[PDB]
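Visitor: Got a structure here, written out as structure tokens. Questions coming.
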Protein chains: 2
Amino acid sequence: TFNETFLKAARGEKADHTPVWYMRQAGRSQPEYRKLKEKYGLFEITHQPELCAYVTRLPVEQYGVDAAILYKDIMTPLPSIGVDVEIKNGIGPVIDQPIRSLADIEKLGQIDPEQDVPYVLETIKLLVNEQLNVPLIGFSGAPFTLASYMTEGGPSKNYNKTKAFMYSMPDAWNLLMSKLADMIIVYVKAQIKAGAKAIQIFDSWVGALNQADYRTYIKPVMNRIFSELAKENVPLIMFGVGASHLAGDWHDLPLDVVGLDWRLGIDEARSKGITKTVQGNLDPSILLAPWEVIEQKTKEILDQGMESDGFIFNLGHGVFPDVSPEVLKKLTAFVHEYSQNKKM
Amino acid sequence: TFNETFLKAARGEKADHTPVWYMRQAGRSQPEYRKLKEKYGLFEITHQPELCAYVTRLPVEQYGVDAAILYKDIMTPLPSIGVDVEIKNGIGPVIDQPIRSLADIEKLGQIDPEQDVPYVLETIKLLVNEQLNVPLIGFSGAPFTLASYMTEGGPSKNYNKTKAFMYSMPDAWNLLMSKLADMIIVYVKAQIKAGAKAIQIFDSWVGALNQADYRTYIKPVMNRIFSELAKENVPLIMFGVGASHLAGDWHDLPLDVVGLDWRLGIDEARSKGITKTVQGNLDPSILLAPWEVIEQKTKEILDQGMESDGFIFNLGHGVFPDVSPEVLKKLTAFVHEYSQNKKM
């Protein structure tokens, strides 16, 4: 039987229990992911269908979560438009020559996912048409986050170079946003057609921006991306850490689910007119506290979230490497058992 | 004439212009600092009073800012109570064995500033009695932030080990908050006594905490600190980046000035009931944009700020190495000119 719990919650419909999944549920927290990675390498496991499919499905099998998140690199579509993502082991995909001028942006092309990223289309097809009895979430990075990779080149805590570029070259910035939007929409559209039943947009670094600059430089292209993607008739989610101050503006966009970090609580969100379905809150660092703490913190979040039907439980950030899979197994059952009891 | 503009604004009293200073105005943004550092080394520059005083006064002389911030390392008072320091510099100052048990906390001593950090006292006296025509701001790190350095040891992005500790062992955590409070109060008191006319507490990493955890584990000890320190009759400021969601709770404390990062706007803070004097707010990354963008974004902040007497202009974080002194000199003149024109 197909588990519809996640999609019911995503569209604010009644369901029997609260659905769960975790950002980075498939990844370094799992002993088998690591082993597979050291055996086949990052490239084969981000690019080989039989392998990507295994990594994606594992957490579902091991935790009994209500959704699978497609395992792949956030930078996957970039080479299609002419940006070369290189690197070399432990800090793999990095960008050789950063965006510096308007002429760099003008030479950017277009994705043809059927031809350019066939391996991801095939993985989705294998997973959806043949493997999962749980919905598959496809994903893409957002424009700001992708532009930050393309513009910093090297690693950044503050995103000064990216933001200075944004401020100094508004016209170039707008064109870059447009080129990336083109790519994101086509990339996401192909993921949905191949089987994906929801999509999450990760805007990991956009919390570096205040509300004023989000609206000036970022909000319009986001409006374009979600307005287009809404025609695909699948739940659209957005998450980025440290971006609580941007929740209302995200709520304005034609997305369906607003992902929260641990600094905007559910009652607080509703109290601010956040009315669409809400995703996750649990601070990932709590997963390292004694069970007493995990439970008290999780029960509080569930209690608030179960006030309406539009609620998916998740963390307020990604699972990190030294999180115990045993803790995630136990957490997932607690959420399921606690919520279904409540909903009886 | 001594320039008292800064102190008036902090007390929410009428002044003829808006006072300005910048977090990290003395540092690697300056050629003189960089040369001084390669000449004498980090230790000499943070320990010889004549060098520390030079470092501290240089931005005042170069830019004409309205206050000096004491140049010293944030770890300064920690060896005095028995914690490790020094190291490699690449990744900051390292702490050997981190706090793990209650015994590790129980063994911590008390600071005798005269005996322990006399060079800081000497620097403050040199500056105030002989050099500065501008208030000297003293400073200390906050308990949470200082606790974080002591518990992570290494370089941290999300402070999971500290949070884990705080949750797992709350009794020990209270004792640590208590031991750090004591040190901070005596340290700050001594800086006031040497001649500091204001005090800034830096809680750099506290924004990792949501409101509930702030109230449970941090608000009590902070209330104690500002209660005791309020008795000195000097303006008390608190800043920490990424902490806009905690600004209401800081405003509750007997401090005088709320420091804002760029994500809580001035008007916005006022409508949220933040009524006490407010400091700073310009996104430092704007300093790399063309002058016209800088002037315009600053003017937007000044217009909000000048709605009450309680307003000190600053950045929303610290000056970073790539910032031009020319820019900061020109920004300082503008803030003075614009506000004076507007106030007259």
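The chains in the structure tokens are called A, B, ... from first to last as shown; in each chain the residues are counted from 1, and the ligands are counted from 1 in the order shown.
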Considering only C-alpha atoms, return as a PyMOL selection string whatever protein or nucleic-acid residues lie within 12 Å of residue 259 of chain A, sequence-local ones (same chain, fewer than 6 positions apart) excluded.
Guide: chain A and resi 10+22-23+200-204+236-244+246-248+250-251+265-266+269+274+276-282+310-318
Visitor: Could those residues be written to a file, using C-alpha atoms, as a PDB file, in the first residue's frame?
Guide:
ATOM      1  CA  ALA A  10       1.442  18.963   2.390  1.00  0.00           C
ATOM      2  CA  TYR A  22      14.728  14.525   7.750  1.00  0.00           C
ATOM      3  CA  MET A  23      16.895  16.833   5.682  1.00  0.00           C
ATOM      4  CA  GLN A 200      11.821  21.160  -2.166  1.00  0.00           C
ATOM      5  CA  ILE A 201      13.817  24.253  -2.963  1.00  0.00           C
ATOM      6  CA  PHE A 202      16.871  24.688  -0.721  1.00  0.00           C
ATOM      7  CA  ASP A 203      17.932  28.325  -0.265  1.00  0.00           C
ATOM      8  CA  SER A 204      20.609  27.499   2.248  1.00  0.00           C
ATOM      9  CA  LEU A 236       6.296  23.040  -3.421  1.00  0.00           C
ATOM     10  CA  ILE A 237       8.461  23.517  -0.327  1.00  0.00           C
ATOM     11  CA  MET A 238      11.164  25.995   0.584  1.00  0.00           C
ATOM     12  CA  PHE A 239      13.794  25.768   3.333  1.00  0.00           C
ATOM     13  CA  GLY A 240      16.948  27.718   4.282  1.00  0.00           C
ATOM     14  CA  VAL A 241      18.569  27.910   7.743  1.00  0.00           C
ATOM     15  CA  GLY A 242      18.726  31.212   9.735  1.00  0.00           C
ATOM     16  CA  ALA A 243      15.990  32.785   7.619  1.00  0.00           C
ATOM     17  CA  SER A 244      13.104  33.159  10.116  1.00  0.00           C
ATOM     18  CA  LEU A 246      12.036  35.950   5.784  1.00  0.00           C
ATOM     19  CA  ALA A 247       9.171  33.544   6.540  1.00  0.00           C
ATOM     20  CA  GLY A 248       6.311  35.965   5.679  1.00  0.00           C
ATOM     21  CA  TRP A 250       8.292  33.145   1.523  1.00  0.00           C
ATOM     22  CA  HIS A 251       4.639  32.761   2.524  1.00  0.00           C
ATOM     23  CA  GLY A 265       8.100  28.127  16.440  1.00  0.00           C
ATOM     24  CA  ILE A 266       4.795  26.846  15.016  1.00  0.00           C
ATOM     25  CA  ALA A 269       4.417  31.279  12.776  1.00  0.00           C
ATOM     26  CA  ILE A 274       1.752  31.961   8.284  1.00  0.00           C
ATOM     27  CA  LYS A 276       0.059  27.483   4.651  1.00  0.00           C
ATOM     28  CA  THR A 277       1.417  24.115   5.762  1.00  0.00           C
ATOM     29  CA  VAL A 278       4.553  24.296   7.807  1.00  0.00           C
ATOM     30  CA  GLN A 279       7.498  21.904   7.854  1.00  0.00           C
ATOM     31  CA  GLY A 280       9.834  20.893  10.640  1.00  0.00           C
ATOM     32  CA  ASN A 281      11.302  22.631  13.628  1.00  0.00           C
ATOM     33  CA  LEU A 282      13.526  20.310  15.714  1.00  0.00           C
ATOM     34  CA  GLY A 310      -0.926  21.237   7.363  1.00  0.00           C
ATOM     35  CA  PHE A 311       2.103  20.008   9.278  1.00  0.00           C
ATOM     36  CA  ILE A 312       5.106  17.883   8.335  1.00  0.00           C
ATOM     37  CA  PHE A 313       7.636  17.060  11.037  1.00  0.00           C
ATOM     38  CA  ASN A 314      11.314  17.568  10.162  1.00  0.00           C
ATOM     39  CA  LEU A 315      14.429  19.042  11.713  1.00  0.00           C
ATOM     40  CA  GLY A 316      15.104  22.800  11.654  1.00  0.00           C
ATOM     41  CA  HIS A 317      18.317  21.974   9.689  1.00  0.00           C
ATOM     42  CA  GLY A 318      20.109  18.969   8.134  1.00  0.00           C
TER      43      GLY A 318
END
Visitor: Would you list, as an MDAnalysis selection string, the residues of segment 62-193 of chain A that end up in helix (DSSP H, G or I) under DSSP run on this structure's backbone?
Guide: chainID A and resid 62:63 78:81 102:106 113:116 118:130 143:152 160:168 170:193
Visitor: Which residues in segment 30-242 of chain B does DSSP call strand (DSSP E)? List them as a list in words.
Guide: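 The strand (DSSP E) subset of segment 30-242 of chain B is residues 68, 69, 136, 137, 138, 139, 140, 141, 198, 199, 200, 201, 202, 236, 237, 238 and 239 of chain B.
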Visitor: Filtering to N, CA and C atoms, could you give me those residues as a compact mmCIF listing (two decimals), in the first residue's frame?
Guide:
# COMPACT_ATOMS: atom_id res chain seq x y z
N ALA B 68 35.76 55.17 20.88
CA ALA B 68 36.78 54.14 20.67
C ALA B 68 36.29 52.88 21.33
N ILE B 69 36.54 51.76 20.66
CA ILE B 69 36.32 50.43 21.21
C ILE B 69 37.69 49.87 21.58
N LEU B 136 35.84 55.93 25.70
CA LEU B 136 36.35 54.59 25.47
C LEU B 136 35.29 53.56 25.88
N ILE B 137 34.91 52.72 24.93
CA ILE B 137 34.03 51.60 25.21
C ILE B 137 34.86 50.40 25.67
N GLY B 138 34.58 49.96 26.89
CA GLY B 138 35.11 48.69 27.37
C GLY B 138 34.28 47.53 26.83
N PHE B 139 34.83 46.32 26.91
CA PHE B 139 34.06 45.17 26.49
C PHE B 139 34.41 43.87 27.21
N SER B 140 33.45 42.94 27.15
CA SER B 140 33.63 41.56 27.56
C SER B 140 32.77 40.66 26.69
N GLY B 141 33.22 39.43 26.48
CA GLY B 141 32.37 38.40 25.92
C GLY B 141 31.29 38.00 26.92
N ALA B 198 31.70 53.52 28.82
CA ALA B 198 30.60 52.69 28.35
C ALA B 198 31.11 51.25 28.33
N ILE B 199 30.20 50.28 28.28
CA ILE B 199 30.59 48.86 28.16
C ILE B 199 29.73 48.13 27.14
N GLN B 200 30.39 47.39 26.25
CA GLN B 200 29.71 46.52 25.30
C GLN B 200 29.98 45.08 25.65
N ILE B 201 28.89 44.32 25.80
CA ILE B 201 28.95 42.88 25.95
C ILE B 201 28.69 42.25 24.58
N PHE B 202 29.60 41.38 24.15
CA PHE B 202 29.46 40.66 22.90
C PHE B 202 28.97 39.24 23.17
N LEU B 236 25.31 50.64 29.00
CA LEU B 236 25.58 49.23 28.76
C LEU B 236 24.92 48.75 27.46
N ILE B 237 25.76 48.20 26.59
CA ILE B 237 25.35 47.76 25.26
C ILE B 237 25.52 46.25 25.16
N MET B 238 24.65 45.61 24.38
CA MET B 238 24.82 44.22 23.97
C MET B 238 24.62 44.05 22.45
N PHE B 239 25.57 43.37 21.81
CA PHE B 239 25.43 42.96 20.43
C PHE B 239 25.80 41.49 20.27
Visitor: Give as a PyMOL selection string every residue of chain A that touches chain B within 6 Å, counting only C-alpha atoms.
Guide: chain A and resi 160+164+167-168+210+263+285+288-289
Visitor: As an exercise, work out the distance from atom CA of residue 124 of chain A to atom CA of residue 195 of chain A in Å and give it to one decimal place.
Guide: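 Distance between the two atoms: 5.9 Å.
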Visitor: Can you pull out every residue within 12 Å of segment 100-102 of chain A, counting only C-alpha atoms, but drop anything in the same chain fewer than 3 positions away, and send it as a list in words?
Guide: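 Contacts, in chain order: residues 97, 105, 106, 107, 108, 147, 148, 150, 151, 152, 153, 161, 162, 164, 165, 166, 168, 169, 170, 171, 172, 173, 174, 175, 176, 177 and 179 of chain A.
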Visitor: Please identify all polymer residues within 9 Å of residue 2 of chain B, counting only C-alpha atoms, omitting same-chain residues fewer than 6 positions from it, and present them as a ChimeraX atom specification.
Guide: /B:132-135
Visitor: Have a look at A:228, A:73, A:249, A:182 and name the one nearest to residue 120 of chain A; count only C-alpha atoms.
Guide: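 For residue 120 of chain A, the nearest of the candidates is A:73.
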Visitor: Considering only C-alpha atoms, return as a list in words whatever protein or nucleic-acid residues lie within 7 Å of segment 46-57 of chain A, sequence-local ones (same chain, fewer than 6 positions apart) excluded.
Guide: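 My list of contacting residues is residues 26, 33, 68, 69, 70, 71, 72, 73, 119, 122, 123 and 127 of chain A.
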Visitor: Could you save those same residues with C-alpha atoms as an mmCIF file, in the first residue's frame?
Guide:
data_model
loop_
_atom_site.group_PDB
_atom_site.id
_atom_site.type_symbol
_atom_site.label_atom_id
_atom_site.label_comp_id
_atom_site.auth_asym_id
_atom_site.auth_seq_id
_atom_site.Cartn_x
_atom_site.Cartn_y
_atom_site.Cartn_z
ATOM 1 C CA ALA A 26 20.545 9.868 3.463
ATOM 2 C CA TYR A 33 26.398 5.481 2.995
ATOM 3 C CA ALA A 68 12.274 10.016 0.403
ATOM 4 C CA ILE A 69 14.438 12.969 -0.573
ATOM 5 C CA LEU A 70 16.260 12.469 -3.834
ATOM 6 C CA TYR A 71 19.929 12.100 -3.052
ATOM 7 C CA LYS A 72 22.079 14.259 -5.320
ATOM 8 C CA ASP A 73 24.443 17.225 -5.332
ATOM 9 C CA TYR A 119 21.053 9.877 -14.836
ATOM 10 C CA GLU A 122 16.436 7.542 -14.664
ATOM 11 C CA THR A 123 16.980 7.394 -10.872
ATOM 12 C CA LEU A 127 12.518 4.843 -7.597
#
Visitor: Name the closest residue to residue 256 of chain B among the candidates B:116, B:272, B:226, B:128; distances are taken between atoms, counting only C-alpha atoms.
Guide: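 Between B:116, B:272, B:226, B:128, the residue approaching residue 256 of chain B most closely is B:226.
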Visitor: Would you mind listing what lies within 7 Å of residue 9 of chain B as a list in words, with only C-alpha atoms counted and same-chain residues fewer than 3 positions away left out?
Guide: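 Listed by chain and then number, they are residues 5, 6, 12, 13, 14, 15, 309, 310, 311 and 312 of chain B.
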Visitor: Once you have the residues from the selection above, write them out as an mmCIF file, in the first residue's frame, restricted to C-alpha atoms.
Guide:
data_model
loop_
_atom_site.group_PDB
_atom_site.id
_atom_site.type_symbol
_atom_site.label_atom_id
_atom_site.label_comp_id
_atom_site.auth_asym_id
_atom_site.auth_seq_id
_atom_site.Cartn_x
_atom_site.Cartn_y
_atom_site.Cartn_z
ATOM 1 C CA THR B 5 27.804 62.826 21.479
ATOM 2 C CA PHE B 6 28.044 59.052 21.910
ATOM 3 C CA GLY B 12 18.696 58.810 24.967
ATOM 4 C CA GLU B 13 19.563 62.503 25.326
ATOM 5 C CA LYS B 14 19.525 65.231 22.661
ATOM 6 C CA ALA B 15 22.763 65.722 20.670
ATOM 7 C CA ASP B 309 17.390 60.580 20.479
ATOM 8 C CA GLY B 310 18.420 56.999 21.341
ATOM 9 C CA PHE B 311 20.375 56.152 18.187
ATOM 10 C CA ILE B 312 24.033 55.274 17.567
#
Visitor: I'd like to know which of B:75, B:58, B:187, B:337 is closest to residue 31 of chain B, using only C-alpha atoms.
Guide: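 Closest to residue 31 of chain B, using only C-alpha atoms: B:58.
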Visitor: Pick the closest to residue 27 of chain A from A:225, A:330, A:81, A:42: which is it, counting only C-alpha atoms?
Guide: A:42
Visitor: Could you work out how far atom CA of residue 193 of chain B lies from atom CA of residue 65 of chain B, giving the answer in Å with one decimal?
Guide: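 One can read the atom CA of residue 65 of chain B to atom CA of residue 193 of chain B distance as 23.4 Å.
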